[PDB]
Structures are given as structure tokens and as C-alpha cells.
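I'd like to ask you about the structure that follows.
The first chain written gets the first letter, and so on, giving A, B, C, D, E and F; residue counts start at 1 in each chain.
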Amino acid sequence: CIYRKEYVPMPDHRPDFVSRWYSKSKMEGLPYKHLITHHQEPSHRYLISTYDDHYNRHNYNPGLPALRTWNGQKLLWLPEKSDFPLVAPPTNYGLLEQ
Amino acid sequence: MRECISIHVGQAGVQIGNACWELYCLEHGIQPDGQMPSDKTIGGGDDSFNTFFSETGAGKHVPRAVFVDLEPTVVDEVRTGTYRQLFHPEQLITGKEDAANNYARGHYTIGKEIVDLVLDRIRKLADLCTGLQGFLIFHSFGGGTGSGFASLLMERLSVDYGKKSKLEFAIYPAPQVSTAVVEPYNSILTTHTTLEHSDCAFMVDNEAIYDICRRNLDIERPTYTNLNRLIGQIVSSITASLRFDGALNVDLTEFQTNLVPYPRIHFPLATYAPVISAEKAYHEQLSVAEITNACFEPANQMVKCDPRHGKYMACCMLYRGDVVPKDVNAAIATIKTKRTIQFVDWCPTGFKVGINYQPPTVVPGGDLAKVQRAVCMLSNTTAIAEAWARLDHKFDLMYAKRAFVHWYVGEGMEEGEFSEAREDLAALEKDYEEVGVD
Amino acid sequence: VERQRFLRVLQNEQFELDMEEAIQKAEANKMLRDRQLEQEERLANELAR
Amino acid sequence: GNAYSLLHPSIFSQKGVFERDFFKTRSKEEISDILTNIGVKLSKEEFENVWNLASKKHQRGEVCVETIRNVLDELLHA
Amino acid sequence: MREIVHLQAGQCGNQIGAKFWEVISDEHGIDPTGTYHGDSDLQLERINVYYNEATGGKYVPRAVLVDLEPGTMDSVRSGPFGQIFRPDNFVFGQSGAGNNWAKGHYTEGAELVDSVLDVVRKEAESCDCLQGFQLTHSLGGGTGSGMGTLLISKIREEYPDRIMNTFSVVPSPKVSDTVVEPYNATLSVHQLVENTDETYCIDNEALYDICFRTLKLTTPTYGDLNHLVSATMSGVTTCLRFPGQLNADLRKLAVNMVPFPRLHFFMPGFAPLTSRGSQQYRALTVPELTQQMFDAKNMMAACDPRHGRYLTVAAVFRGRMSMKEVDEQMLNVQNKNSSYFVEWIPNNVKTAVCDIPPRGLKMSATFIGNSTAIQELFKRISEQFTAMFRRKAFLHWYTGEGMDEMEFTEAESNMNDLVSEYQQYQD
Amino acid sequence: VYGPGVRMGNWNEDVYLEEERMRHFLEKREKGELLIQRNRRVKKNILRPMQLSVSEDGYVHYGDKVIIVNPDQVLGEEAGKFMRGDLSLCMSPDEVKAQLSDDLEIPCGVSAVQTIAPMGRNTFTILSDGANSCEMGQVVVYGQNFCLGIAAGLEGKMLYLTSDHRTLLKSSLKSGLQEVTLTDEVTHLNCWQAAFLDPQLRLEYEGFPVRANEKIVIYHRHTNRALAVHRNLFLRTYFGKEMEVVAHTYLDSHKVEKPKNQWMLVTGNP
């Protein structure tokens, strides 16, 4: 009978899951969270404190002192500082290690 | 937790009850024996089956459903089937006598001595359950045994348990096809008894189900194997939220609150959009836009109602599969811009979205397509009052010439209860008209 | 269990998906362009001979 | 040949080599040297076994350019 | 010292807090497990404002998660940072919400407020002295609105001397999914107005426009939207944890934005949003942020204040800036649109400069706005309320819970009072 | 309506965005940094097949490399999910920590798997207590103290089986019993004593050499409990599913120990 005919079972029909995982991958974008809002060039460390620079670090060493003279567009003393220091250990006082 | 109990009354509801459970065991990979392979999902009965099956320390998935029937032919034969070892024996509630299409016989003559036995099951099902949000009632308005027997039990389960949901699913009587002329008698009798207790009654008509078969599925000669599969797919989609998650998870409690506008009337309409043949799936593409047009195309409904002859109140779309809100919200926005679809001015918003990641899978030896994006469209419109308007003008003719009354009054009933249903019905259309009037 | 199950496969698949398409297409193109051109010229030139 | 083979001919057809040359008669040891000249290195055992099968598939028994390359791909797939 | 304890409410706040906390954690350089990798001292110094210390260098967040449905926080717990959240802080219920406002406000709330109040007061005793609190939820978020209105009410008399920061998202104006949503919002906002002191207004549709405008990726994830608002929410919090000559206190700020008590609703604003060419085609200068900072397109909260005018404006600048460029800019902007402000108050700008850039970009900023653009919001909800309340649709549930339309009478009347107040102050 | 090769302007922009990331993720992992590279190397070390010691006298000697197995026993009354076959003990590292560091969790979990093939995860070197001046190759004697060490594929560091009196913080995850772990530290908690199979003959067999490949019972010197494996309690770990291993003495009706703590010393097959 057709009643038993459609009851005929069959193996190798494996109910998989992979479509779960792709669909889930689409609803978060797991690595993208630090990739959506990253800007300009990647950089592991960039931070430093203003008091430390101006007062403690005594400002930018590799800079050329008289980097200020007759320029181009503004043909006058200019190319001194818009870059500002970013280098050297910023967060390395002794209380952290102890 | 998140579980329910399914009920299947009459031989009309048994083979759909089989098919649904047959479908259910596939996506969970249930072997007919009752156990998985050596892979471990057994325990205290808690995994994806815990909401559906009871796979206890014995290791055997026990479906949380009850099959009740009054004639032993089909129920004993399915007891000789393939998954019968899964099925609990006396859970397969068998009977020795029929109701002869009569509501009263199943409601009065024999239902008294049987409901006590099944209530023993329900309470012993209730105790092991934890949250048991509600029940899944599968029946038929033209119930030779489904109609009368369900009506008493739903009265009995409502009075003792009136704090949880009761979900009703029955084949709507064919408006122009009548396999029984006593069918109108019990059908309206069921409605007037159920309007004050049933929570959410969902109906469907087989004629349009066949019409779909040779329109897009291109099957001029289907069977119940296909028909039971389609509705089994439908209930599977609504229960996918119970099985799986999505972007947002929705539950029958939200369905009740967001679908029924006002008391009494709780009769929305369901439709499945991606109904297409496997090859017609193979060399074309499915996306939110065209299926939204399809599910909102008037001829895709399984009930004979023209939506342009009525007006829309509530709509629920349950997108099961890989979808994104961006196109969905844009697509439904285009639908709101459509002029033909006439929502009532009372509801500015009438859309209930349920997103489920899980692709609807195919069934072995099946006829469905390979769907990645599917939606179940549950809507309620005023274009349905014609069906009851169709019912009454048949009923009023027969009532005056009081056909077959000797059968019903011979077994102990009278004219008053029959008299009651019509103004109960006449209340329905006027309420449908009054709510139709803005 | 589901959490730990969740991790690897998401990481895993992306790895093989990325690397496999990275290699597959990379080689698949090269020898076809190689083999078809190198064989034809060497066989056909002596056919003239 | 058809206009398709006239409008889109293989690289052979632009410079005057064709199918009769593919099907023509030549000798065993000469093509083995040519096969090395066209840049494929072979062993003697492979040569004869290929030669045996090629004569069989030809249904007559001979050496043809199509036959030699076809059985190569058959072995390559094998 | 002065610290903050967070509350995670509503099912959106579940994805809000999950994204918001990981935004904090990776910014402060803690691995998902919890073992902090010591690289930055100031964040190592100023972690006590939000995080406490467990054993072995683990920074326990001072946040509490509350919900009803197990699957949500289970997904949140199964997130990459679930291990840094506490099962102690996972309080919930054994009921399906029905997403009914009253049930979570009267029925389900009754048996859960006891435990959550115990949790927060234990957490309150765990820390020393709080500035106040902040809450992630939605005004139209049914279970969140029900719990929040209850909890904000109770914590008021508990600590009427702190900061009741609130973070709620406005549902989509075109479609609310939930049809009883305008009822829930009107119910919630009637409690919100008197109990809150700060409110962030956020809408999803504008976020989708931002997706179309600058993100340009067609299909984002809601988590990416979570990432955007968390970044904005992080920016305002960068004031407290980071040094630099900017006065960080919200009370510093609150008196600077709030001329009158009824002004609780404020709109955010964010700084450089960048497209494909523009990560390497942008000459990052303080000027070029500002017009983008003051872009109606960049506005993301509710709608365009072009239709109205500007009451108070306050922007916090994060990075290596100086006092003069913001100054000359402030001169530039008031010159551009002098009449679009109110003659009521001149010099309505409040500026703060955070010298510590974020991780990934150097010169950034955040903005909070209080302009006359909220009228469109509650006027819209007004007709919605009048529409359904005309024939009391979907009302039998709340009566079944024990509510009546007679409560709805003053809620709109209170809302109508706010309509005139915003109108009368500006018009 | 798009996707394969349309090269549309937004499709132009999109395809780049991920592609530099595809380059970025490439160089990060080309440094031998991939997680599954870590996993495979750790699995490569862990799944290293070993060569067991072959006993020529039929007895056991210190320094021998053997596999400890609970043999399959025909029990017809353990109703439930019982695991058949011979179960050999095996170290069970934590899955999450194995991803973060190449070094094994300083303490390590234990498990029993249905595997008899010699491998680094199930190979155990028998060693003296240290306090006793027992030379390598000396026969082991009933009632003597000793240690069970496993070199878990790590060069220079040696893991010793451990157990301690159960506390509320240290207990079996499933049964809440006295847990068994592996530590590199040498403590008196590393002292173990093999007992003869028959309790009625232990005193007669005290002071006797232990035969190779026979039924014995092992006891912790400090806690005096037999090593127990649960053939009904499933544990989920890095390689799949195995059986819980604890330290508890299960006695039958006759106060005789059950099949559970009956362990096989498995020597190399010549």
C-alpha cells in the first residue's frame, strides 16, 4: 500500500548544520567590529600623555630645531610642529610593575 | 521551559499528525528505532527535542502529542507502521465506535467514558512538563469524529486549564464541495461552541491546496503524502522559533496578542510563499521581493476569499532562512506603498515579523523545492465573512425543511441548540460588518 | 558545549574557504594556460616539419 | 569544416595542420622521440602499454594523433 | 572614588550591552578570557570607574543583566565575552514575555524586582561612591520598558542623589513591528519624564540611512548598528576615564545642557565617519571633521533639526587638539547660522577636549544635542495614540491584566503638556 | 540580480574592502599563527604514537611505559547507556586554554577512551616514589608506593597523576566525587599502591612482584581509594566524548570491589 510505500526509510540523509553557521556568520560579522571603524593606517601603539611629552619628555628629540623658516604657500616660518611626538614608552612608570 | 502538547482528534487528524511527526524526526535526525547513532544527545531528555520529544534516560524520543480516534482501523494499522515504537501505545487513543458524522454522538454518547482516560494522559503529560505554553489541536470542522469529540474535550481542558494557550488547526469545509450534507450541521454547531473558548482557530481549504499543486508545483495528480507534507511544513515553520532562534524570536503568546483584534473573532489566514517545483527552483532565484509579491498575490491563498473584496487588519510574516532586515524593511515599505492592499485605517502598522535563520530543508522522497528564503504569512482580513455567509444560506434552507432531524432528535436532541447557532452566526457577520465599517 | 562548538567551525571554515579558493584558482588558471599553450606549439610546429 | 570551425578554429587550423594529419599513418619509435621533443618525458613500459590499448580502441590497429593523446588523458584520468 | 554601575535591560539592550561591553574591553586591552595584558597605564589607572577587580587580574564588569526568555542571555553568555559577565548578574524570569507592557510592569515585575534590587544594592555596597547609573533598554521595548519604568522608579527613592542616565532607542517611525508599540511608548514615556534626568534618543531608520550614506555596505548586521551606538556611548564615557583638560562629570555637563527640568531628551552626534577612498583620501584636520560633525546627514538620532532650532549644543573632542581650532571653529559656526539658534540664550555651545584618541583613529569627537526636533517624534505618536484610542483597539489584554483607559487619559495629557512646553519654549 | 562579475561601482568598492583584510589575515597566519595550526601541532604532539615497554619476565619494572586499561566485563544489570570495550585512561586537556597557549594547562584533566593503540595521551611511565632508592628496571612489589607519570608530548616537562580529598571547590564535574588530575609537581599525593585482585588474598600476596597484563586494584596512598571510571557518565572534551574517571571505592554486596576499579597494566606486545 502507498501508506507503507512512503514509510520506506533511507539512510545517508544526514541533517547537517553548516547553513546555521554561515547564516550566523552573516548576522554579526565577528572580526569586522575592529575593522568597520578602523581609520588611516593600522598601529599597535600610538598613545602618550601631553604632560609627559611637554614637561617630562622635554618634547621631540629627532626634530630639527630650526624647522621653521620661509615656506611655500605661507612663505614664512612654518614647518615646526603640527605632527607632535608619538613615540617612546608612554605607560612605563614603576608603580605598574610593582 | 518552552514546550507544548499536540492533540490530534479523528482519523482526519491522525495521518497529518503522523506526517508532521514524520517531518519533525527528519530535521532532528531521529532514527525510527528511537535513538541517535553513537553521537550523544541523550540525557535528562534535554536538547532540541526537549521542546518536542521526551528522550529520557531510556534514550527514546517520546513525542509530546496525543492521537485520539474512535475507529480502530487506521490507528491499529499505523500502530503497525514504522515509528510506532516511538509512539506510546495507550497514547494512541483508539476507539471501538464511530460518531456517524454526528457531533452529538461524539459529544454525548461515547465521549463521556473516554475523556476521563485521555485526561489521565494529559495530567500525566502535564506533570512532567515544565512550562507547557499551550496545546496544538488538529481537527476538522466536518469531523465525522473530530468535530464532536474535540468540542467536549476543549471544554474540559479549558475549564480546568484556563491560564494557557490553545491553538486550533482544522480543514475548513469546502465552500462548494460537500462530502457530507450533515457536515454543515456539526460545523456551525462546533463554531458556536468554540467561539467562547477557542483561543486561535486556524483554517485551510484543500481545493486551493490542489490548485497550487498543478499551478506552480505542476502536479495534476498529488496525494495526501503531498497535502500532509505542505501543512506539516506550515506547522514546522511556525514551530521553528520553538526549535531554532533568529534575529528576533517570537512565540504563540505574541501571535495571539498581535493577531486577534477583538474577542470572538480569532480566525486569521495562513499562506506559504515559496511554493514552487524543484526545477522551477533550479533555474530561477528566490529573494524577498518576488516572494513578498507572491505571498501577497490573491491567488496564493488556500482559502477562497478575494482580499480586494475585504480589508486587512493583521499580518504576520515569519521569514525562516537567510534574510536581512534591509531588503525586508524596504520590501514591506514598498508593500505599504501599494494601493491595492487595503488595510483598515484603524491600524497604521499591522506587520509582525519573525526572523529565523534556519533554511527550510527538503524531505526525502519529497516534492518541495530547495528553499533558502521562506516566509509564513499569517493574516486576518474581512474577506472571510462570505464563507459564513455561504454557510448560513445553505443552513437556513435545510433547517426550514428540517432534514435529518429525526436522526438527531431520535438520539435525544432538540431544535433549540440548532436555533441558537444562527443568531450566534448572525452576530458574527454583523460584527464582521460592524468592524468592517470604519 | 554549543559555545565551544560555535568557535572552531566559524574560525575553521573561514580558514579553509580562504586558503582553498586562494590556491584552487591560483593553480587552476596557471597550468591550463601553461599546458594548452606549451603542448600546442611544440606539437604543431613539428607537424609542419 | 563548418563555419564554426572556420570562424572559431582551434590553434591548429590557423597555420595549416588538420585532421587527416591526425589520422595519418606513422611509426612507433619516431613519435616517441617527438613526444620528448614536444616536452613530455616517458618510460618504455608506458610506451608499449599505451601502444597496445591505442590499437584496440582504434578498432583497426594503428597510431593516430588523436589516439595517442586521447589514451594519455584516459591514463591521466585513470 | 566615583564609579558607575550599568544595567542591561530589554532584549535590545541584551545585544546593546554585549556589544557595548566588548567595545570597552578591547579598548582597554583585556583578552576575552579576562587576563588583562598590561600595556596602557591610564586605562590601567582608570578602570575602577567601571570595572572591579577579581582574582588574578580579572576586571569584573559592574553590570547587571535582566530578561525573561532564556535563549537571549544564553546567546549573550555564549558570546565571545560571556565569560567576563557574571552568572550572579544573570537574573531573569521563568515566563515568556508575551511582550506585554503591563505584565512586565505589574505581573512579572512583582516577583523579580526583589531579587534585582538585592543584586544592585549588593553591587552598590561592593563599590564606594557612585556618580550614578546608566541603563540600556528601549522605550518601545516591551519587556525592557516594563522593567525599566519599575526599576527607575524604585532606585529614585533609593538614591535620589545620583545620575539616572538612560539609553533608549526610538522604534522606526515608518513601521513599529509591534502594533501596540505606541501604547507601550506612551505608557513608558509618562513614567520616563519625571523619573529620568538624562535620555539618549536613537532611531534605527537613521542608522539605516547612515548605512546607505557612509557605510555603503548594503547589508550590515544589527551588531554593526550595536557597534555604532556603543561607539557613541563610549565616546561620552571617555571623558571620565581619560585625562586631559576636559571636565568629565555629567553633572558638569547636565547643568550645561539643562536650563529647565523638563529637558531630559537629548540627541547624540558622532565624528569622522569614513568611506572606502576616504580612509586614505581624507586630510584629517579639525576643520574637516566639524562640517561633518555638524552634518544633517551625520545626524543619526531622530530627525533633522532643520525644521526647528537649536536649544543647547555640546560636543566632546577626542584626540590631540588645542584650544584655538575649536575656538575659531566655534566662531565660524555661529557666524554661519546665527538666526538658527535662539535669541533666548547666546553662546549655547559647551566644548570639551579629550587628549586621548581612540584605538584606530586619532582625532575624533562625540556630540550630544538638545534641539527643537523632538516635536515630530511625540506629535507622531500622538495621532497614533488618538487613532487606536478612538476605538480602543487591542485593549482587552490590559484590562485583563488590570489596566484601564482612564490611566491613558493623563498619559497623553502629560504628553500633550510636553508638546506645548517644547513648542512654547521655542515658538 | 548581480554578483558574479558585474564589476558595478558599489560591487567594485565592496570587493576591495574584504580583500585587503584577506591580505591582512594572510600575513598574520603566514607566520605560523593560525589557531588550527596550534591545534594540529598540539594534536600532533598529543596523538604521537608511542612504543610501550615489553616485560620479559612477565613482571613490571620501574621506568616501564604501559597503558592502564579498565577491561570490558560482561555485566548484564547496568541498565542505561553503558560503554562496552576496554577503556584506557587518557589525559584530557581543556579545549579553550589549548587555543590560547601552546603550553598545557599546568594541571590537566583525566579521561578513559575506547582506544588500545599506543600513543602519547595514554602512555604512562611507572616511576618510584623518590623517597625509596629503587633503581630503574627493578620489579614493582604489591603494597609499594609509586607514581604514574605521563609525558604529554611535551619535551622536558612531565605530568604526574594526582588526587586529593574532595572539597567543595575540587570535585568531579558530573558526579561531584573526588577528582583526578595531572600535575608536574612531585608531592606525596602522587603516591599510589597497586593491590591484588582478591581482597581475601591481599595479605598473602603482600610483598610479591606484580605480573604483567593482569587484573589489579590501584589505591592512592594518601587517600586510600581505588581509581574509578564511570562507563555510564559521558564527558565532553577536545577529541570528542569519553568516560569520567574519579577516585572512589565501589564495593559489591560481598564488600568486594566492583568491575569498575579493576585496571589493566598493558605492556608492549613483542
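Quick note on the criterion: a residue touches a chain if its C-beta (ideal position, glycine included) is under 8 Å from a C-beta of that chain, and two chains touch if they have at least 3 such contacts.
Each chain and its UniProt protein: B = Tubulin alpha-3 chain; E = Tubulin beta-4B chain; F = Cilia- and flagella-associated protein 161.
With contact taken as defined at the outset, chain B (Tubulin alpha-3 chain) and chain E (Tubulin beta-4B chain) are each touched by A, F. The interface with the greater number of C-beta contacts, when C-E is set against A-C, is A-C. One finds 59 Å separating the Cα centroids of chain A and chain D.
The geometric centre of chain C is 28 Å away from that of chain D, both derived from CA atoms. Note on chain placement: the centre of chain A and the centre of chain B (Tubulin alpha-3 chain) lie 53 Å apart, centres being C-alpha means.
Chain B (Tubulin alpha-3 chain) has residues 247, 324 in contact with two or more other chains.
Shared contact sites, meaning residues of chain C that touch two or more other chains, fall at 6.
Of all residues in chain E (Tubulin beta-4B chain), those touching 2 or more other chains are 218-220, 222, listed in ascending order.
On the chain C side of its complex with chain A, the touching residues are 6, 9-10, 13-14. Of all the residues in chain F, the ones that touch chain C in their complex are 22, 25-26, 29, 34-36, 39, 95-96, 99, 236. Chain B (Tubulin alpha-3 chain) makes touch with chain F in their complex at residues 40, 42, 57, 59.
Of all the residues in chain C, the ones that touch chain E (Tubulin beta-4B chain) in their complex are 2-3, 6. Chain A meets chain E (Tubulin beta-4B chain) in the complex at residues 26-30, 32-34, 36-40, 45-47, 49-50, 84, 90-93, 96.
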